[PDB]
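Remarks on the structure that follows.
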Amino acid sequence: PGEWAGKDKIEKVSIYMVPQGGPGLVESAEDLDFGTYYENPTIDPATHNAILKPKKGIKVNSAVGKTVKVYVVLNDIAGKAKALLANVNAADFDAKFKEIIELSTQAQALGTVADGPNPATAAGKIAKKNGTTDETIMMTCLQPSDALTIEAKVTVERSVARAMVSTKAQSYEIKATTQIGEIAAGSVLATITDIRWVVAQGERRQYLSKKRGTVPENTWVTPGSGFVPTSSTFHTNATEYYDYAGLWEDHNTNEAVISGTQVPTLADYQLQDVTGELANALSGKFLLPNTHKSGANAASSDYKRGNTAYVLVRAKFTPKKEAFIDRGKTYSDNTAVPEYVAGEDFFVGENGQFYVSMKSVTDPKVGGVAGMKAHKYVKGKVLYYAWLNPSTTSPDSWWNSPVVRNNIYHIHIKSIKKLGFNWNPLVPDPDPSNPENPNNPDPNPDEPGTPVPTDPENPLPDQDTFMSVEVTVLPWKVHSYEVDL
Ligand SMILES: [Ca+2]
Numbered sequence: 064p065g066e067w068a069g070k071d072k073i074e075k076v077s078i079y080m081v082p083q084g085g086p087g088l089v090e091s092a093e094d095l096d097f098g099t100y101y102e103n104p105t106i107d108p109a110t111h112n113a114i115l116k117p118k119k120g121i122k123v124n125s126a127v128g129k130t131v132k133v134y135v136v137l138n139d140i141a142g143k144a145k146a147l148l149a150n151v152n153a154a155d156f157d158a159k160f161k162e163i164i165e166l167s168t169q170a171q172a173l174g175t176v177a178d179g180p181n182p183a184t185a186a187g188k189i190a191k192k193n194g195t196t197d198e199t200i201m202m203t204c205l206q207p208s209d210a211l212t213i214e230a231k232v233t234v235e236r237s238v239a240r241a242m243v244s245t246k247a248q249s250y251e252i253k254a255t256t257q258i259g260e261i262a263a264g265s266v267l268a269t270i271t272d273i274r275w276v277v278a279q280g281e282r283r284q285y286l287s288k289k290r291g292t293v294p295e296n297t298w299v300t301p302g303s304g305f306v307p308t309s310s311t312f313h314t315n316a317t318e319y320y321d322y323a324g325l326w327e328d329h330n331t332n333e334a335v336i337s338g339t340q341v342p343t344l345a346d347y348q349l350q351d352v353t354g355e356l357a358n359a360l361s362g363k364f365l366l367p368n369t370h371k372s373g374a375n376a377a378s379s380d381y382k383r384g385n386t387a388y389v390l391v392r393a394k395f396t397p398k399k400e401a402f403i404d405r406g407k408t409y410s411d412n413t414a415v416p417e418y419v420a421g422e423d424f425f426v427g428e429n430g431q432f433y434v435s436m437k438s439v440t441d442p443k444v445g446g447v448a449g450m451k452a453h454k455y456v457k458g459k460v461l462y463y464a465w466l467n468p469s470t471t472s473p474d475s476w477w478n479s480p481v482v483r484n485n486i487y488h489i490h491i492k493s494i495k496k497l498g499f500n501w502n503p504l505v506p507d508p509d510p511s512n513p514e515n516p517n518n519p520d521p522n523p524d525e526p527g528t529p530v531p532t533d534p535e536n537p538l539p540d541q542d543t544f545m546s547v548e549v550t551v552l553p554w555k556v557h558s559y560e561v562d563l
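Here it is, written out as structure tokens:
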């Protein structure tokens with residue numbers, strides 16, 4: 064990436080002076096205009112941190128003569144720190160600075176079609192892209208200054239993580255691995271085009287500043303860390319913790335078209351002066367942290383498909399007409415099977431074969447099977463999951479995927495290898511007894527009793543991979559900001 068990993072704007076500075084030793088009065092200087100009170104950042108080439116040096120003194124008022132610790136929030140642009148910390152006693156302040164803020168309500172965590180293409184997301188409320196120029200992101204200190212007496231330095235880290243996605247190519251050729259209609263193993267089966275992405279299941283709340291856990295399997299805890307969904311509790315409780323509004327980003331109401339944000343190539347990241355829309359894709363997407371107890375297997379890892387942040391990749395799968403086992407045949411009712419038309423719905427049976435309709439799927443005269451179910455791919459839409467931080471890599475072993483603030487998770491797609499899923503079960507359904515779900519852009523299009531493509535109670539890894547990807551975790555160019563006082 065390089066220059067696309069973010070350039071920061073500091074708009075506001077909030078300083079909290081907290082007397083030590085027991086009950087007492089906090090002195091706060093909130094939402095100070097950065098330019099008025101601070102010099103422009105200078106980078107420490109050793110640490111890659113930026114240092115903010117004050118120009119103007121802040122009035123210490125009642126804290127004069129006291130031993131205090133200093134806490135800092137930069138860019139409290141949603142007012143969340145101010146509101147949480149209001150009228151908090153000095154004795155309660157350190158604990159309060161680690162308590163929970165809510166970026167989206169449980170109701171706001173679910174969007175609908177009317178919220179596209181630019182839905183408010185939880186993380187976007189405290190991480191703003193200012194045109195293509197720079198970005199304003201909330202930051203808080205993991206720990207306050209050392210104790211000092213008024214007559230030091232406070233390091234802060236960004237409150238969001240960033241997801242970035244790239245692809246080797248904008249099209250992929252798919253080969254059959256077994257006989258599919260007239261297509262032999264090793265021959266071309268389909269082409270994938272029009273690749274897009276969104277991110278979901280980051281959290282909707284967060285600890286104001288990073289909160290250490292109690293066991294080594296989860297260094298930093300998040301409000302949702304203890305939530306381990308079953309197939310049923312996912313639907314009733316997932317929105318208590320996670321944000322899904324982002325599923326509607328760059329949504330398109332034409333089902334012939336693939337919804338979501340473009341996925342740039344590596345070369346796109348080297349282009350100078352870029353369109354607005356591509357610039358937005360290149361700078362990625364923000365999400366709030368999401369961690370669970372890590373383990374070495376399904377039983378010991380608390381990371382589940384229904385509680386882990388994911389990138390959803392969407393694309394157009396165009397199969398060769400010759401792949402259809404029903405091609406050229408005659409139905410049991412003595413009518414002819416129509417050839418597949420590119421871009422139209424297609425149906426993939428439990429047997430892996432391709433059919434132009436459900437009528438074909440269950441008619442043995444055309445290579446169907448009575449009683450057999452199929453996945454309906456709506457106008458050829460296919461879906462794939464990528465986890466943000468597979469720990470470790472790479473196929474059937476990435477049991478864990480923590481997302482921690484102030485990190486960038488770059489997912490590079492090297493290839494899409496096979497047919498994906500036809501809908502996204504990793505979205506809470508307010509009435510799970512029916513397939514309708516206005517909160518999901520990719521609801522279940524299948525007939526009753528069709529096997530689900532995946533389940534929220536499942537572990538992360540795939541037995542055999544749908545995509546080849548490499549994930550890189552990196553810091554912002556400026557790792558953290560140091561505020562001098
Ligand atoms: Ca439903």
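FYI, in the entry's author numbering the residues of the sequence shown are 64 to 214, 230 to 563. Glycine included, C-beta positions come from ideal geometry on N, C-alpha and C.
Review point. Using a Cβ-Cβ cut-off of 8 Å (strictly less than) and excluding sequence neighbours within five positions of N193, which residues of its own chain qualify?
Key: Your numbering for residue 193 matches position 130 in the sequence shown. Cβ neighbours of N193 beyond the five flanking positions: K72, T199.
Practice item. Please state if the CB of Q279 and the CB of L366 are separated by a distance shorter than 8 Å. Key: Your numbering for residue 366 matches position 288 in the sequence shown. Your numbering for residue 279 matches position 201 in the sequence shown. Contact: no.
Practice item. Can you give me the start and stop residues for the alpha helix (DSSP H) that residue 575 sits inside? Key: Because the chain in this structure spans residues 64 to 563, residue 575 falls outside the shown range and cannot be described.
Point to revise | For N385, three-class secondary structure by DSSP | key: Walking along the sequence shown from the start, residue 385 turns up at place 307. Note: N385 maps to coil in three-state DSSP.
Practice item. Can you have a look at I494 and say buried or exposed, based on whether 16 or more other CB atoms are within 10 angstroms of its CB? Key: In the sequence shown, counting from the first residue as 1, residue 494 sits at position 416. Answer is buried; the Cβ neighbour count reaches 16.
Point to revise | Delimiting residues of the alpha helix (DSSP H) encompassing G98 | key: Position 35 of the sequence shown, counting from 1, holds the residue named residue 98. Start and end: 97-100.
Review point. Where do the ends of the alpha helix (DSSP H) carrying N358 lie?
Key: For the purposes of this step, residue 358 is taken as residue 280 along the sequence shown, with counting starting at 1. Start and end: 354-360.
Check your understanding: Could you give the residue range of the alpha helix (DSSP H) that holds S493?
Key -> Along the sequence shown, one-based indexing puts residue 493 at 415. From DSSP, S493 is part of no alpha helix (DSSP H) but of the beta strand (DSSP E) over 486-494.
Practice item. Report the option in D540, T269, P117, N478 whose CA atom is closest to the CA atom of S378. Key: Locating residue 378 in the sequence shown gives position 300, where the first residue counts as 1. With distances taken between Cα atoms, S378 lies closest to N478.
Review point. Looking at the structure shown, is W465 part of a helix, part of a strand, or coil, going by DSSP?
Key: As a first step, residue 465 must be located in the sequence shown, where it is residue number 387. Strand at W465.
Practice item. State the DSSP-derived secondary structure class of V136, mapped to helix, strand or coil. Key: The residue you call residue 136 lines up with position 73 of the sequence shown. It is a strand residue.
Point to revise | Those residues which DSSP pairs with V277 across a bridge | key: Here residue 277 refers to the residue found at position 199 of the sequence shown. According to DSSP, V277 bridges with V389.
Point to revise | Chain-ordered list of residues that sit, by beta carbon, closer than 7 Å to a heavy atom of ligand 1 | key: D507, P508, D509, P510, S511, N512, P513, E514, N515
Review point. Quick one: is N375 buried, meaning 16 or more other Cβ sit within 10 Å of its Cβ, or exposed?
Key: Position 297 of the sequence shown, counted from the first residue, corresponds to residue 375. Exposed is the call here.
Point to revise | Whole-number beta carbon distance between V481 and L466, since they are thought to touch under 8 Å | key: Against the sequence shown, residue 466 aligns to sequence position 388. Against the sequence shown, residue 481 aligns to sequence position 403. Confirmed, about 5 Å.
Review point. Got a sec, what are the start and stop residues for the beta strand (DSSP E) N152 sits in?
Key: The residue you call residue 152 lines up with position 89 of the sequence shown. Per DSSP, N152 belongs to no beta strand (DSSP E) and is neither H nor E.
Point to revise | Integer Cβ distance of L115 from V561, believed to fall under 8 Å | key: Start at 1 with the first residue of the sequence shown, and residue 115 comes out as number 52. Start at 1 with the first residue of the sequence shown, and residue 561 comes out as number 483. Their Cβ separation, rounded to whole angstroms, is 5 Å, which keeps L115 and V561 in contact under 8 Å.
**Study point:** Cβ pair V135, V234 closer than 8 Å
**Key:** Residue mapping note: residue 135 aligns to position 72 of the sequence shown, counting from 1. Residue mapping note: residue 234 aligns to position 156 of the sequence shown, counting from 1. In this structure, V234 lies closer than 8 Å to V135 by Cβ.
Check your understanding: Whole alpha helix (DSSP H) runs in the stretch 299-345 with 4 or more residues, listed along the chain?
Key -> 311-315
Exercise for review: Measure the alpha-carbon distance for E102 versus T470 and round it to whole angstroms.
Suggested key: Indexing the sequence shown from 1 puts residue 102 at position 39. Indexing the sequence shown from 1 puts residue 470 at position 392. Those two C-alpha atoms are separated by around 42 Å.
Review point. Where does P473 sit, in a helix, a strand or coil, going by DSSP?
Key: Within the sequence shown, the letter at position 395 stands for residue 473. In the structure shown, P473 sits in coil (DSSP, three-state: anything other than H, G, I, E or B).
Check your understanding: Are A149 and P82 close, meaning C-beta to C-beta below 8 Å?
Key -> Working through the sequence shown from its first residue, we reach residue 149 at position 86. Working through the sequence shown from its first residue, we reach residue 82 at position 19. In this structure, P82 does not lie closer than 8 Å to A149 by Cβ.
Review point. Does the Cβ-Cβ distance between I189 and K143 come in under 8 Å?
Key: By 1-based counting over the sequence shown, the position of residue 189 is 126. By 1-based counting over the sequence shown, the position of residue 143 is 80. Closer than 8 Å, so yes.
Point to revise | Endpoints, beta strand (DSSP E) assigned at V547 | key: Taking the sequence shown and counting its residues from 1, the one referred to as residue 547 is at position 469. Segment 545-552, the beta strand (DSSP E) holding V547.
Review point. Where does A230 land, buried or exposed, given buried means 16+ other C-beta within 10 angstroms?
Key: Position 152 of the sequence shown, counting from 1, holds the residue named residue 230. So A230 counts as exposed.
Practice item. Using a threshold of 8 Å, state whether the C-beta atoms of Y409 and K382 are closer than that. Key: Residue mapping note: residue 409 aligns to position 331 of the sequence shown, counting from 1. Residue mapping note: residue 382 aligns to position 304 of the sequence shown, counting from 1. Contact flag unset, no.
Practice item. Check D520 in the structure and name its three-state DSSP category. Key: Numbered from its first residue, the sequence shown carries residue 520 at position 442. Here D520 sits in coil by DSSP.
Check your understanding: Who are the Cβ neighbours of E400 in its own chain at under 8 Å, not counting the five residues just before and after it?
Key -> The residue labelled residue 400 in the question sits at position 322 within the sequence shown. So the list reads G259, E260, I261, once near-sequence residues are dropped.
Exercise for review: Report all residues from its chain with a CB closer than 6 Å to the CB of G179; omit the five preceding and five following residues, and keep chain order.
Suggested key: Taking the first residue of the sequence shown as 1, we reach residue 179 at position 116. Excluding sequence neighbours, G179 sits near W326, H329.
Exercise for review: Please report the residue range of the alpha helix (DSSP H) in which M201 lies.
Suggested key: To locate residue 201, count along the sequence shown from 1; it is residue 138. No alpha helix (DSSP H) holds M201; DSSP gives it neither H nor E.
Practice item. Under 8 Å by Cβ, that's how I've got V266 and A241 pegged, so tell me the actual separation to the nearest angstrom. Key: As a working note, residue 266 is residue 188 in the sequence shown. As a working note, residue 241 is residue 163 in the sequence shown. Actually they do not touch by this definition, with Cβ atoms about 32 Å apart.
**Study point:** Host alpha helix (DSSP H) of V439 (start-end)
**Key:** Walking along the sequence shown from the start, residue 439 turns up at place 361. Taken as a continuous stretch (DSSP letters only), the alpha helix (DSSP H) holding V439 covers 436-439.
Practice item. Classify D178 as helix, strand or coil using the three-state DSSP reduction. Key: Stepping through the sequence shown from its first residue, residue 178 is reached at position 115. Helix at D178.
Point to revise | Cα-Cα separation between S77 and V460, rounded to whole angstroms | key: Stepping through the sequence shown from its first residue, residue 77 is reached at position 14. Stepping through the sequence shown from its first residue, residue 460 is reached at position 382. Rounded to whole angstroms, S77 to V460 spans 46 Å at the Cα level.
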